[PDB]
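Each chain gets a letter, A, B and so on, in the order its sequence line appears, and its residues count up from 1. Computation of the quantities below employed the complete heavy-atom set of this structure, encompassing side-chain atoms and omitting hydrogens, waters and symmetry-equivalent molecules.
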4 protein chains.
Amino acid sequence: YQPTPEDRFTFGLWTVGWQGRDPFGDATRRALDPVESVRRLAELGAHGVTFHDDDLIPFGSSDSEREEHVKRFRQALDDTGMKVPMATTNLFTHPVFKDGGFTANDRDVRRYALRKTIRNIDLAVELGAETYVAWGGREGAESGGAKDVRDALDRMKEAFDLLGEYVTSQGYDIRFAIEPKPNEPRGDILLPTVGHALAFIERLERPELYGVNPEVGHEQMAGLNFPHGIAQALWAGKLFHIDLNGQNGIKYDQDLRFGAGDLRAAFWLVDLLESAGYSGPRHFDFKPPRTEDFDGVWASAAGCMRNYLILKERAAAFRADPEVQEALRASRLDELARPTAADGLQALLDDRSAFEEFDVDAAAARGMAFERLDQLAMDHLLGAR
Amino acid sequence: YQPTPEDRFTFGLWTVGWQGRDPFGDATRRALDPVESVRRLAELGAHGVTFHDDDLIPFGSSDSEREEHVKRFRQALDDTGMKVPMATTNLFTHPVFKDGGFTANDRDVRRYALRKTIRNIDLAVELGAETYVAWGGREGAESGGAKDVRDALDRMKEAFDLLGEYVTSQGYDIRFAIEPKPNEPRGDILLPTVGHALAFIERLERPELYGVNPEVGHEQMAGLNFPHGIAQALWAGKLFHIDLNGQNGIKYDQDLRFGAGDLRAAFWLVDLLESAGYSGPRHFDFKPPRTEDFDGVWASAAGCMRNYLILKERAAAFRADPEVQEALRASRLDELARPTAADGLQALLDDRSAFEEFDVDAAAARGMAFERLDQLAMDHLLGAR
Amino acid sequence: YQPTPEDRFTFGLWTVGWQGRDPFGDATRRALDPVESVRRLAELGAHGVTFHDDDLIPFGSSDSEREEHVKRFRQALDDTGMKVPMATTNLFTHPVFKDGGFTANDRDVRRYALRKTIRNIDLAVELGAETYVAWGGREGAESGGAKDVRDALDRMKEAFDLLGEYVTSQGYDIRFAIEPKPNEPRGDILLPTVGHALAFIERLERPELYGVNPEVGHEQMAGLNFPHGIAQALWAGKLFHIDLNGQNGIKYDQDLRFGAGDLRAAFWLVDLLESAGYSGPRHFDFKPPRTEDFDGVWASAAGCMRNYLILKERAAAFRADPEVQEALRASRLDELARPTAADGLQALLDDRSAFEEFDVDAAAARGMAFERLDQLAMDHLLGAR
Amino acid sequence: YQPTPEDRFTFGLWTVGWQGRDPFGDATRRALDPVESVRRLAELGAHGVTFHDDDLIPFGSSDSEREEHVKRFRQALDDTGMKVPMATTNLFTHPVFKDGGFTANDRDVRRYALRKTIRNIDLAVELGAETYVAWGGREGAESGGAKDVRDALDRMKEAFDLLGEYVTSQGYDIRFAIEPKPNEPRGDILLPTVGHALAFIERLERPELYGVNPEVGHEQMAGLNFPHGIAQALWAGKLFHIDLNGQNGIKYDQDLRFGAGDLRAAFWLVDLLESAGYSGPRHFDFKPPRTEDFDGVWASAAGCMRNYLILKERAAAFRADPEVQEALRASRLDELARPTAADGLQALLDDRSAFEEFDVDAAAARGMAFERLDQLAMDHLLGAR
Ligand SMILES: OC[C@@H](O)[C@H](O)[C@@H](O)CO
Ligand SMILES: OC[C@@H](O)[C@H](O)[C@@H](O)CO
Ligand SMILES: OC[C@@H](O)[C@H](O)[C@@H](O)CO
Ligand SMILES: OC[C@@H](O)[C@H](O)[C@@H](O)CO
Ligand SMILES: [Mg+2]
Ligand SMILES: [Mg+2]
Ligand SMILES: [Mg+2]
Ligand SMILES: [Mg+2]
Ligand SMILES: [Mg+2]
Ligand SMILES: [Mg+2]
Ligand SMILES: [Mg+2]
Ligand SMILES: [Mg+2]
């Protein structure tokens, strides 16, 4: 189960670089130089890395310092052959963003947020990124009177429209991906799920430029089924990128390594990406627990990849098994893929077998054979066939 | 706090008519004749009622029995002056719908579901309904292999497209409202939230015919903020109807009377509907608890209306208070309503006060004064000014 | 992975016998005669069955009918060699129990509840049951004013004390097990978790007679860690029985087959029961989904047992692996089992290496190596060593 | 609604002193000197303050610096007349506690944790504290193999036993209060709820010395009913202290001001404390949101007290209303307070009216009149009588 750069596994600098500060605790690990992370990731078999502006260039850096930071990073990429398929902006750490970036009540702040974003879009293109993520972690509220949501959506639309005008005018080959999260750090965050983000995109001036970047843990903090949310993004043609990690139910965002948390949901996600022919990066947005030292960080990162490869194998074996193919037919998955009324409205209306003469009791008596199918799925996942 | 028919309060037959059967218990109350419910509701000050096909005409009724059921109902409406602004279909009780209506794996079932729906659309128009609700309570799964979500969305789209073709061809003045719910009775239900339903509508052939019917308790079963979800529906121009009730967090769907459950969320919802000028029905989809007799049912129904009227009064007093208007200015709600960059992209890019010369520390130091505003909101809700 | 009666697997009559009625739907399956369930379970390899009074003898049965029902059941047991290790009372279905059994506000009801319970204790002993379960599904409330919890606990204590006096006086060899659940069917249920039930037992007149019957899904409806709750019951010497099934997070109680829901939590539960030497019944309290016919019911029941046996194998392989034993030492599990201060209070107070000279930074720098250990656990579960 | 020192309102230094650092953000406010907090709290009408060792004396302080810190604090208390009714230990911030204090795997750490605790017990007594709280925020795990819960409970018991031996030997007049929390910062924390802590106390060598310190938000992060948990602590005679704040459901711990979050649950809590004659401190463990400046901190602190006083008034009016007293009788609250069988076991067994002649249908038909009672409760809370 050895990964190679062909598996397209990526990691954010902020993941293996998390120092372990939490709401109740100081850091347990020293900071990692981005160059070191690049090298260690390459040795593990990763394909590339991602970054927030602030991960690469310390906030408030002079143009001189900025150039120096970039050059060193670029050298590491050249030395290892690692790519940079996505980048994003930090619009959440600094105190100025306490009420949001694009939807802060203060107009001056909103203008600042757009300028900080545009500067990073330029760098991202320079580095070859294909996707630019936006997670509005501070857009929301803890109380009802603080934010008029209709006005905030107007402000969010305005912001994304200006970014689309910008890339268009420059002639850049980059697309945007919005990342939803229901809460934390705000009481409630705007665009809380994959559905809310998809619905919002349809109101932008150039909808073709925007998709979603769903994250496992995020949809599970609302108790939603991740594989179902991803199927809806695929159906809309909007899965531009994906964030993989683990989460144990509805609580604070844990960011465990991928495979931990809900294992069966991880299995069904892998089955789907692989069946659907998803060809984007398999990005891990996780945090090695603060209990670990450096050895532990690398082990956790390696486990992310290992878990994906084991699941891939098990899902493939599941779909290729003749006995499973037979069970899918038994459960009428074939019939779900056929049109209900290709014959049209009129033909449906005139068809007595559809109502007048339909034997409802006979249809009701037919078992779905879902439990036998699910048990074959479990046997496959566990290597117990 | 007396309601009148002008307040536009409505109730489903199934609400005051719930006999009290739950997953672990038999009925505690006898069935109510629809005619009796109409009369009792009129006396309490309700404006109208709503129904599923099966609430009005017992499943499997002959055409003769059907006509008889309708005529009696129509007489009650005439006697009391009650209206019927919405109707819907039961595609969840009968065993034939065990795997869904529009997205059942069996094709024969899907065809049956559409025929049963079309028959009720005809009645709804006859009775003067303006809105037709669709809650797909059985569309979903308990296991991953049972439903290919991409195929199910194809099937759901096909179903809604055929219904749109139908109303168009007949020349009916009726619009559709999709009602999301995250789970129960299925393990996971498709289109689980207000966002997922809004995103789906944008892919239908004639999107103008469809909106949402959000329900308080439903979004709270996913731990989402209801007033925020409603603001997004308002922003999209898609709030065609609304279901009001109460819920105590993430658990089974309780369906308490409106006002019970999350009281502060009820306050913010009322403030919003009233501020936004929502002119549709205020419908209560709730269940008087099984502990109650008939006297208790009517008391609970009366409480739904009473609670809305008290909240309306308190929200109005909140918005009209000079001291609140001053606090909103202090918290920069005025600034949130102004465009970020009406000056345009170029002007933003050339504005040094937006980046180069922006004093981030001075901006960061500005308190939002949100807690004083929230305390004025609490004082108002409690009548403690 | 074939079960035999030696594995001690048991099922309630109500599990494979669930007809599929839910809050929104009618039954999908016909009722099963208890004799048929006994025979089918024996053929699958089960060790025994359990029952509520009402599952075996229809409510309101004459003494004549009662005897007839028992005799037929007894014949089935003799024919198959199945045992009856536990029984319980139905104090939740009939409308009289709408406000509870032992804690109903009406005193007459409370007296009735105790009489119905005592009659079943007698039968249970006759059939050879060793454990009597009590799940107070209707003890609780939907509103704050309806129940004074202090008075209700007095009433609950009184009830359990009288039952203890009863078994003592009769000389029966039976112990009681209280089963907690947080909600459903009441808004909140009293004694909502394993901890609340353990704390309550310590206030009864003869605490030795009572333990807990925890259920997987129940603790997961509160988002708690089941294996941790079971370890606390084991530590107190109070795990008298256990209910196994599956649950997908915080929502309505699903009652999936064991192994479904949280698979990793199922793995850790098996590891614990097996390590601790739990020698009681492995009882399955689950519901085959309403989508299934009879073939599906038996397949789901078979899957419960299969899943336990696979997990048992994987946990055993995990604990026996030399490389795991080494990792446990690396993570200081050995040190957690040694007393902190067997030397005593004074020796601790005088030990400078414990404070004055303790090198906090050196201790802080030591990684716990938890992620490598967890990855070995995952590899083992998946059969990927 | 003006508080006075007689209302017994207290605050932790860490509450109004929270700088606003979260998992995703830097501090938004400067640190407050403990002397300033004491003075500002006194002016608002607070009765006293509480502290962790580390809030008062910076970690790693010399004995010289320690004495200086104490003296300054003592002067502030004398100047204002504020008291210190409770103190606690910080066993969670420093990296050495990454795996816990009392239950860390490393034995050396466990010994250190006890020494740090004993030093603070001494100071607490010097300052006049009556209660010593213990919140084991780092005792728990993120993975199943990392902690053997049976061994950890042995370790936790050992720790509390040694602390009891210590206070006993010194002759101190102080009692311990254990504070449960389900998760955050660990994946799962040991003793997750009020029930688990109550059950654990019963296994300590001198159970009389220990009680619980429940916190509103903590039990709500598991979706439990706080007023019910408090009634069980009252019933056991174990409510030694209480932490008041607000929380919006199952998510990260928000720590809103008291009254925010679940308002109806706040009403029922106040009704209970006041009815039961709770005479301990009304302590606020909350965090003014990071959006606020200093003015906002004081406003939020003032709101905590204001909200309690308004609720107190409304609960008192509720209980004193003749119409409510009549409704309570209608709902049989009087009957819940009478013994079920003061006549005894034998008399119950011989009473035909309890079974043989009990009219179950007549009893079942009796409505509980809970909704009318709940509506009177709502009317009272809202000042709408
Ligand atoms: O909840 C944290 C989010 O996952 C972020 O890591 C984004 O993906 C990048 O800003
Ligand atoms: O969860 C139940 C839903 O609220 C239904 O009552 C719909 O509104 C009507 O089918
Ligand atoms: O939630 C349902 C409970 O699990 C019951 O099945 C008990 O175990 C028996 O009354
Ligand atoms: O979750 C944080 C806890 O409430 C702490 O504030 C304790 O009360 C004191 O250590
Ligand atoms: Mg996250
Ligand atoms: Mg992410
Ligand atoms: Mg509902
Ligand atoms: Mg509804
Ligand atoms: Mg259950
Ligand atoms: Mg059970
Ligand atoms: Mg907290
Ligand atoms: Mg606290």
Side-chain angles (χ1 to χ4, degrees), chain C residues 95-96 99 105-112 114-115 143-146 148-151 153 155 158 162 165-166 188 192-193 195-196 198-199 202 222-225 227-228 231-232 234-235 250 268 331-333 335-341 345 348 354-355 358 360 363-364 368 370 373-374 377, chain D residues 95-96 99 105-112 114-115 143-146 148-151 153 155 158 162 165-166 188 192-193 195-196 198-199 202 222-225 227-228 231-232 234-235 250 268 331-333 335-341 345 348 354-355 358 360 363-364 368 370 373-374 377:
Chain C
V96 73
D99 195 36
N105 287 357
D106 289 306
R107 179 176 172 273
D108 62 4
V109 170
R110 307 191 293 272
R111 289 172 76 87
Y112 178 71
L114 283 161
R115 299 286 309 286
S143 58
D148 178 302
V149 176
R150 299 177 284 162
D151 288 337
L153 292 170
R155 304 290 79 75
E158 190 178 3
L162 287 167
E165 186 187 337
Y166 183 77
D188 294 291
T193 77
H196 301 73
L198 295 169
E202 294 304 328
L224 300 179
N225 175 321
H228 282 18
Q232 188 167 169
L234 287 168
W235 186 76
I250 304 168
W268 298 114
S331 294
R332 286 81 86 198
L333 274 303
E335 282 202 31
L336 180 68
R338 295 198 281 270
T340 299
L345 215 209
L348 175 70
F355 191 78
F358 180 65
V360 90
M368 304 310 298
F370 300 148
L373 176 64
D374 196 56
Chain D
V96 73
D99 195 36
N105 287 357
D106 289 306
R107 179 176 172 273
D108 62 4
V109 170
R110 307 191 293 272
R111 289 172 76 87
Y112 178 71
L114 283 161
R115 299 286 309 286
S143 58
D148 178 302
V149 176
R150 299 177 284 162
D151 288 337
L153 292 170
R155 304 290 79 75
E158 190 178 3
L162 287 167
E165 186 187 337
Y166 183 77
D188 294 291
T193 77
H196 301 73
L198 295 169
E202 294 304 328
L224 300 179
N225 175 321
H228 282 18
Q232 188 167 169
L234 287 168
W235 186 76
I250 304 168
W268 298 114
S331 294
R332 286 81 86 198
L333 274 303
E335 282 202 31
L336 180 68
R338 295 198 281 270
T340 299
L345 215 209
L348 175 70
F355 191 78
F358 180 65
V360 90
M368 304 310 298
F370 300 148
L373 176 64
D374 196 56

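- Formation of a donor-acceptor pair under 3.5 Å by the C/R111 side chain with backbone atoms of D/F355 is not found in this model.
- At a 4.5 Å heavy-atom cutoff, the contact between D/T340 and chain C is made by backbone and side-chain atoms alike.
- Relative ring orientation between C/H196 and D/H196 is described as perpendicular, the plane-to-plane angle rising above 60° on a 0-90° scale split at 30° and 60°.
- For C/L373, the part sitting under 4.5 Å from any heavy atom of chain D is the side chain, from C-beta outward, and nothing else.
- Side chain of C/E158 to backbone of D/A341: a donor-acceptor contact under 3.5 angstrom is found.
- When each of C/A231, C/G144, C/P95 is scored by its heavy-atom pairs under 4.5 Å with chain D, the top score falls to C/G144.
- Among the candidates D/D106, D/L198, D/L162, the residue making the largest number of heavy-atom pairs closer than 4.5 Å to chain C is D/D106.
- C/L224 is not listed as a side-chain neighbour of D/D188, based on a closest heavy-atom distance of 4.5 Å or more.
- Considering only heavy-atom pairs separated by less than 4.5 Å from chain D, the leading option among C/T193, C/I250, C/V360, C/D148 is C/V360.
- In terms of non-hydrogen atom pairs under 4.5 Å with chain C, the most contact-rich of D/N225, D/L114, D/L234, D/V109 is D/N225.
- Taking all atoms of both residues into account, the shortest heavy-atom contact from C/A199 to D/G195 is CB-O, 3.8 Å.
- The parts of C/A146 that come within reach of chain D are both its backbone and its side chain, each placing non-hydrogen atoms under 4.5 angstrom from that chain.
- Only the side chain of D/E202 comes within contact range of chain C, with at least one heavy atom under 4.5 Å from a heavy atom of that chain.
- For C/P227, no part sits under 4.5 Å from any heavy atom of chain D, backbone or side chain.
- When each of C/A222, C/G223, C/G145 is checked for heavy-atom pairs under 4.5 Å with chain D, C/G145 comes out on top.
- With hydrogens and angles disregarded, no donor-acceptor distance shorter than 3.5 Å links the side chain of C/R150 to the backbone of D/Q232.
- Judged as a salt bridge (charged side-chain N to carboxylate O under 4.0 Å, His left out), and not counting sequence neighbours, D/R110 has no contacts.
- Every residue two or more places apart in sequence or in another chain that forms a side-chain contact (heavy atoms from CB on, under 4.5 Å) with D/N105 is listed here: C/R332, C/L333, C/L336, C/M368, C/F370, D/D99, D/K147.
- Looking at C/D374, the atoms closer than 4.5 Å to chain D (heavy atoms on both sides) all sit in the side chain, from C-beta outward.
- Taking OH of C/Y166 as the reference point, atom CG of D/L345 lies at 8.5 Å (rounded to 0.5 Å).
- Rounding to the nearest 0.5 Å gives a distance of 10.0 Å between CG of C/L348 and CD of D/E165.
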Working for side-chain contact (heavy atoms from CB on, under 4.5 Å), residues D/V149 and C/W235: CA-CA 9 Å; D/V149 176; C/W235 186 76; over 6 Å; no

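- Per-residue counts of heavy-atom pairs under 4.5 Å with chain D were compared for C/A337, C/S331, C/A363; the largest is that of C/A337.
- Although no hydrogens or angles enter the test, the distance criterion places a donor-acceptor pair under 3.5 Å between the side chain of D/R107 and the main chain of C/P339.
- Note that CZ of D/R338 is 10.5 Å distant from CZ of C/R155, once rounded to the nearest 0.5 Å.
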